[PDB]
Structures are given as structure tokens and as C-alpha cells.
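Residue numbers (the entry's author numbering), protein chains in the order written: chain A, 296 to 369; chain B, 149 to 221; chain C, 102 to 152; chain D, 1 to 234; chain E, 1 to 245; chain F, 349 to 406; chain G, 1 to 246. In what follows, a structure is listed as C-alpha cells, so that the remarks can point back to it.
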């Protein structure tokens, strides 16, 4: 996660690695044809640069289930 | 070209051989392992969602011609 | 030619008698060389447009 | 209100012997625009410079010099938001005192009364200690009064004091030029010198305001007069 | 958002570097998780429709009330978590109740939507009480504006709508409303149509059964707000099932 | 009396500065008048740091 | 770091900080940009005009209902700029304050006085740790009962001052700069000219040029004290006028 003003620690190997995904991810270096299946329980901790539509185009929800959905699993 | 591996002899620096460009050991782990089927019917409920994932992920790769016909990226 | 060899440029030397054997072109880094040579993706001017 | 609320104090002492938030507040008054207040002993003059820096302010009303009532005036230092409550507060107090005495609030008395409310704001929770310093002027009972009210609550009665940008330099000039019981002309002149000490808030007439208290009440001065006093200082 | 270990998402009298409280956003997910409430503005009245999920087969209509009658001309249709919906219902009822009794005329909605949203928002500001994780609509027939429908979000923002849906498939429902002209159409036809959108939303492979509560405030009832008459209610559901297939 | 100081550096600087004024002027001695100009220079530099809320390190 | 550092509990609630203001207070300024609205305020000498972007995020809205222009009194009109959640809430608070004067005084409240009562109100929010400051600012227009048309704006932290020209928005500093050159070069102010300055300045910085249903213009003229909504036809009229200036 980028948000650093860290002069006290905070590694910044980790800073490079999130930034690098964007780099690969811009159109200049192809990524049109390859899909990335991204998964997170918390999108409540991420930033918009990594997420946000048209960088990872489709955004698929899975809301809580209901009785029929319970019915088929059982 | 730049990025290519090439061998060179230690005892006197001549090019031993030419090798093609290749990934780290960690990356080899990252490559395919494959996962087995839960089958669409068999993975219980969430019906509207089976459609959303199938359409997005697997179809543009496998059922590619229909997408080319749509004209989308 | 004495003129070819300068502070900026590179030379190759005998490892066994250190006389300048020959001249080599300037300093370069392999990462730089590929970045300059290549231009993938291209990118259309039209898109950024309207702004 | 429609919630539980707070009541815990945001200030805790130190084994230093200090209260932490008032020291941060003191930094904010210094970050202001120069405001000086001198009691001459032939009237009280409060002068300030106001950073507008565009003169797209059609103020014929609110300013950094605002009259509280007809023989009290107020000038601040620091930030504007904290001023807004204090100026309204002072007007209310002016009204409370007007009803019984019917001579609007005296300066010695005003400060004690503001000081008590300021102290609560530190002492209590769901409120916070100011970071404005007020300079209060008044002429009432045939004596001029000048007080300075600190963002903690403290009040000191001064002959001449400075606040706002480069106050340390201001207070030191004030001691040298001004000595106690000099004339109304000296008080005004040094007052405008402190603003000139360091300006940088657009040099046009409407960017300095002075308001003067004297025997006949309090009025704020037109920006054009203020400029004439400045013009002398190079 | 952030998941800081002291405040910001753990308080709500604290704004983020950008100026937003993460706590209202977590609450905004809650309307999405359960069933939809649709409500469209007519000009002879307003027609509301909330699908009430048959969770238990031993319930009767009036259970897990998503439809409230705010006054005798004001409705409230909610979507999202029912506990925050109840609070919002209680305030709305008292605000509407004083206005008919005292003034003697029907309430213009636009002010009412602003006041209730003020209530939502005042609580967001506070860290001592919570943002409301419901989205709800208010609908009224007036003699100063005619029909009005306003939708207030879990953030306390009010906008007027010709036709709204808040729930687990906003995108599918809004679009169906766009295609149709119900904006100035007669309330009677609308009853059938609002039910039919509920039918698309509902799945027989994500839900078993629902019980339709629609509410009239329109020309049948002569502008009186009642929960849908049993005959009409059935007629409208009957059409909804028949027309898909 | 005139300097309020702030450092041993400030004290030391009054002397060094008097040499810089004498050199400019091309004196072959250091005069009493030079020290007067120097303190005053040094003083002024202190005041700039005082305004900024700084010690001797920025 | 800065703008997110503990020094008391001042990056959480209002108390001063190392920055010489308040962190919590500064998020409340930062908050204005998020809403996405930008406003230009010009003070005429026959009217006082505010133009602000009207946030339209659906195609299922009725035009009349969806606005940010509010009638505070039959003398004062306003636009809300910043976060819309905070906008509805401040307006309802103001309204009680306007009404409170209204019975006592027996006449329409001055634009200066309306701004003074609300400004102080925004200060209570700011002084308190019980609630966070408003994410919005209310910018007032009105005919002052002798001074003339007046434009006052109260901050989201609540301080108010008078203006010839004001701007608040996403880009607060740049709009204000564009706006001083329009004042300097003085075309003079009639009903149409002053409205025209105001819209163009909002268009030039952001570099859009609008539809009449995505800007809103609100005036208080000396035709009558009552505040009016001009509606799309008259707003369109002003848009076309902007061409081939000055």
C-alpha cells in the first residue's frame, strides 16, 4: 500500500512492488489480453491506484446468501 | 541483445555459449499447477454471480470468437 | 590514433601487459539500451484529447 | 446533542510544568499577521495588517478590527475561525453589562470575564483551547486601557505589546522607541512601524486597518488614513 | 479506505486525509446486501414496491416491515438493514404527523427529505453515535407540488428522483424504469409495472418466494396512503409472474 | 552587551567577521571600528534565525 | 510526517497541532474539493450572482428537485459547494437561525447578519470535538438594505468576510486568480455582464463549457427581494452571451 512519508522504516521494497504492478498495468506494456483475477475480503485498506474500474475493468460483487442459495449447497 | 544470457569462460574470457533469456527460481513456482472442477451446478447458489465470473474470465480466452464479433477489448 | 582515447570514452586493455589494445565505444548500461531501442504499445494522441 | 458527547480534557500536564496544547497554540498566534496594541495614556490605538492579498474583499463591515460596542474594540492575531466566536462573545458580554450599568463593558472587567470562559475550554472536553490572542482597547472612566488576553486564558495589562508575525522583534523595538507615558503621536507611529517591520500581504490601502479608542468612543479608521501613517516609514 | 488501528475507521468525528469518514462507507455496503425497494414518482401520486423475502414459511405479511406509512399521504420504502430503517421511520412519522395536524395540508416533500437527511448526517458527524446503514426513499402526493419522490443515501445526501431503486440490483432496476414512462404515467398501470421489475430482481435460484407489499397513494385510494389492497396486490404480482415467461 | 548570542559560534564569528571587513577594505591592521561593524552584522544574522525559530542548524 | 501525525489527539479531533492550525480543520478544507463543485462569486451593483456546478449523477432526476441553490429567507439565497452530505445539514441549521431573527426583528435579515449567525454556527462545530467541522461552505447573495448587493462567504471552519469576488472549489487558488484579472480590466456590471464574468471564469479554469442543466445561476436582483431560480432557458441565455468577449 502506498501512502508513505516514511522516513522511520517502512521498508520500501513493498513500496516498489505495488508501484510496479501499475507500471506493467499501463497500456504501454501490454496487459489488454491478460486478465488478473484479483481477490480481497477488505478493499477497505487498499488505495484507488491499484483498484478502481478500467485498470481492473470488471468489478464483481458477491453479497451475502439467502435461503435458496443455502438450499442448493445443502 | 540486452537481457540475453551468454556463457563466458573463467580461465580466459571468451564466449563459452549463447543461452536464451529465462526467469528466476521463484517464478518457476508461480507457473501453472491447475485446480480441479467444482462444476457450476455443484457449487451451491450464487447463481447471478456464476454468470458474472464465467463471462468476464473464461469466455474472452476460450470462447474468444464471440468477443471478436462484439468488438470489445 | 591518439585522438580517439579520451576521459569520457572507454578502452580495452591487455590483462597481461596493460597497453591500450583498442578503443571501445562510450559507457552504456544494458537496462538503458533496451528502453531506448524499443517502443511497445505506441499510444494514440486522440485518447488524452478533449482535455 | 443527540449523542453522548465528550467531557474529558484534551490537556494533561507534563513533569516539565507545562500544558501541552497551549504551547502549540502559541505557535499559531506568532504565524498570524502583525497586530500591535499600545495604550498611549492619551488614547488607545490598535493597529493590524490583514492578509487578504487580492483586495477582492468588499468589506465595509467585518474586518480584523471590529468594534465590540461603542468604546471597546478588538483586534486579534492568528487565524480567523477562532476570532469569529470571540468577537460574537464579546458583543454578548457588552450587552449583558449594558443592561445593568448602561455604560458598555470596561476593559479590566472584560478580560476577567473572557478568561474564565477560555479556561473552561481547556479544562473541559468537547471543546478545545484557543490559538488566538486578543488585544482589547477601551476608554472608559477617563482612563485608556490596553490588555492582552493569551490563548490559555491568562490576562496581562500592558503599556505596549506585540503579537503576530515577528513579535520578538516587535516587543524589543517597542521598548526602545516607546517608553512609558509618551504621546498619542508616538503610540500611533511605532504602531504602524511594527507592521512595516515585516509586511508581505499586498501593499494597497485596504490591507491595513487601525481602529482608535479615545475620549469620544471607538471608531475604526478608513483604509486611506492608515496608508498615510505607513508612508512615513521607509 | 484505511484500517488504521486508532481512529478514522474506528471513529467518525475524524476525517481522512482527503476528507471522508470511512464509517459511512462500510454502512453503504449494507443496502446492497438485501433486497430492493423501488419507488417511482407519478403526478397523480407515488407508487412504492418493496419485495419482502420469505425467509421463514411461518410468517405472515406485516413481518420484517420494509414498508411504513409515514402519515396518510407520505410513504417510506427502505432497503438495507432493517434496524437502522426503523429509527428513520420513527423520526419521519413524528415530522409528518405534526405537519398535517397543525398546518392542515399535505407536506411538500423537498423540505422533509432535507430534514431527515439532516438527521442522518448529524449522527455521522458524531463519533458517539453511528452513521445509518440504510438507504431509504420518501414519497408524497401534495397540493403544492403534486407527486415528489426523494431518495436519501446512508451519507445524508438528498436528491429527487423521477424513478428510483435502492437495493441489490440498482443497475438492472434503474434501467428498466428508464425504458418505461412512469414518470408522468397514471398510478394504476404503475402498480403492475413496479411489481414486474421486482420479478426480474428476484431469482428462483437466490430466493424461494417473496410477499409483495406495494403501497398506494394515488387515484384508487383518492390520495390516501394505504398498504396495497389484497385484491390489487395480487393482481399486480400475478402480472409480474405471467409476463416474464 | 549588544549580541544576545545563541552559540559559542556566534561569539567566535564576531572576530572572524571583523577580519572579513578589514580584508575588503584592504587594511594591514585590525581596527576598533571593524569590531563595531562586525557585531552589528552578526547580530543581524542572529535575528534572522530568531524570527525563523532556529538555533544554528537548518 | 505531516497531516496525519499525533501530537495530542489533534489529528483526531480539534485541538491545535505542530502545523499552527488544526489537522482536523484542514481535512474540512480538503473536503471541499472532493464534492467536485467549483463556484465563482461576483458582486455586481444591480445584483449579486453565484454560479456553481450543479452535480447531476443520474438521468432519472427531476431538474427542479435536484439543485444546491436554497432559499434561506426572502432576501437571501445561497449555493453549497463541497460535500453534499454536509450541504443539506448546514442549510437546515441556517434556516432556524434566519427564522429566529425573522420573528424578533420584523423584517428581512441583512446578508452580513445571516453570514454572521451561520459563521459562528460553523465555528461551534469546529471548536467541538463532539462533532467534526462541515465539509461544505455556504456562499450568500442578497440585497443589503442600504449597502447594496452584497456577497459574503463563511468558511467550512466558520469565519466570514465580504468579497467583490470569491471562489471556492476544487481549485480555490486558481479561480480567484482568474477572477482578479476580470475585475481589473472592468467591463462594468449590469444584470448580464456580471453573470457573464462569473460563468466564464468557472468554465476557463476547469476547461469544460457547460450545458444549462449542469451549471446553476442564482440571483438576488433589486427587481424584488425574493430569491429566484432562473431555470434552464435563462441560464442558456447567459451561456451564449459569453462568446466574442470582451
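Cβ atoms here follow ideal geometry from the backbone N, Cα and C, with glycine treated the same way.
Answer with yes or no whether the minimum CB distance from residue i to chain I is below 8 Å.
i              : result
residue 205(E) : The structure shown contains no chain I; its protein chains are A, B, C, D, E, F and G.
Going by DSSP, name the residue or residues bridged to residue i.
i              : result
residue 77(E)  : 67(E), 137(E)
residue 83(D)  : Beta-bridge pairing links residue 83(D) to no other residue.
residue 144(G) : 148(G)
residue 46(D)  : 37(D), 211(D)
residue 39(G)  : 52(G), 168(G)
residue 126(E) : 131(G)
residue 204(B) : According to DSSP, which records beta bridges pairwise, residue 204(B) is partnered with nothing at all.
residue 221(G) : 47(G)
I need the straight-line Cα distance from residue i to residue j, nearest angstrom please.
i              : j              : result
residue 62(G)  : residue 184(B) : 52 Å
residue 198(B) : residue 355(A) : 10 Å
residue 311(A) : residue 56(G)  : 38 Å
residue 152(E) : residue 158(E) : 5 Å
residue 363(A) : residue 150(E) : 33 Å
residue 151(C) : residue 122(E) : 40 Å
residue 357(A) : residue 191(B) : 14 Å
residue 64(G)  : residue 230(G) : 11 Å
residue 202(E) : residue 51(E)  : 8 Å
residue 172(B) : residue 303(A) : 31 Å
residue 241(G) : residue 176(G) : 22 Å
residue 163(G) : residue 50(G)  : 12 Å
residue 126(D) : residue 11(G)  : 15 Å
residue 12(D)  : residue 13(G)  : 16 Å
residue 212(B) : residue 352(A) : 17 Å
Determine the DSSP secondary structure at residue i, reduced to helix, strand or coil.
i              : result
residue 361(A) : coil
residue 121(E) : helix
residue 215(E) : strand
residue 218(D) : strand
residue 240(G) : helix
residue 1(D)   : coil
residue 184(B) : coil
residue 149(D) : strand
residue 298(A) : coil
residue 63(D)  : coil
residue 47(G)  : strand
residue 70(G)  : strand
residue 22(E)  : helix
residue 90(D)  : helix
So is residue i in contact with chain C if we call contact Cβ pairs under 8 Å?
i              : result
residue 319(A) : no
residue 151(B) : yes
Can you confirm whether residue i, when its beta carbon is compared against all beta carbons of chain B, has any partner nearer than 8 Å?
i              : result
residue 368(A) : yes
residue 146(C) : no
residue 363(A) : yes
residue 141(C) : no
Taking Cβ positions only, does residue i come closer than 8 Å to chain D?
i              : result
residue 399(F) : yes
residue 44(G)  : no
residue 129(E) : yes
residue 217(G) : no
Between residue i and chain G, is the shortest Cβ-Cβ distance under 8 Å, so that the two count as touching?
i              : result
residue 342(A) : no
residue 139(E) : no
residue 300(A) : yes
Using a Cβ-Cβ cut-off of 8 Å, state whether residue i counts as contacting chain E.
i              : result
residue 196(B) : yes
residue 193(B) : yes
residue 339(A) : yes
Say the cut is 7 Å; is the CB of residue i nearer than that to a heavy atom of the ligand ZN?
i             : result
residue 30(G) : The ligand ZN is absent from the structure shown, which contains no ligands of any kind.
Spell out whether any CB of chain A is found under 8 Å from the CB atom of residue i.
i              : result
residue 26(E)  : yes
residue 178(E) : no
task = Counting only runs of 3+ residues fully inside the region 108 to 179 of chain D, write out the beta strand (DSSP E) ranges in chain order.
result = 134 to 140, 143 to 149, 155 to 157, 160 to 163
ask   = Taking the runs of the alpha helix (DSSP H) that are 4 residues or longer, which of them lie wholly in the region 139 to 224 of chain E?
value = 170 to 179, 187 to 201
Ranges of the beta strand (DSSP E) found wholly within the region 61 to 126 of chain G, counting only runs of at least 3 = 76 to 82
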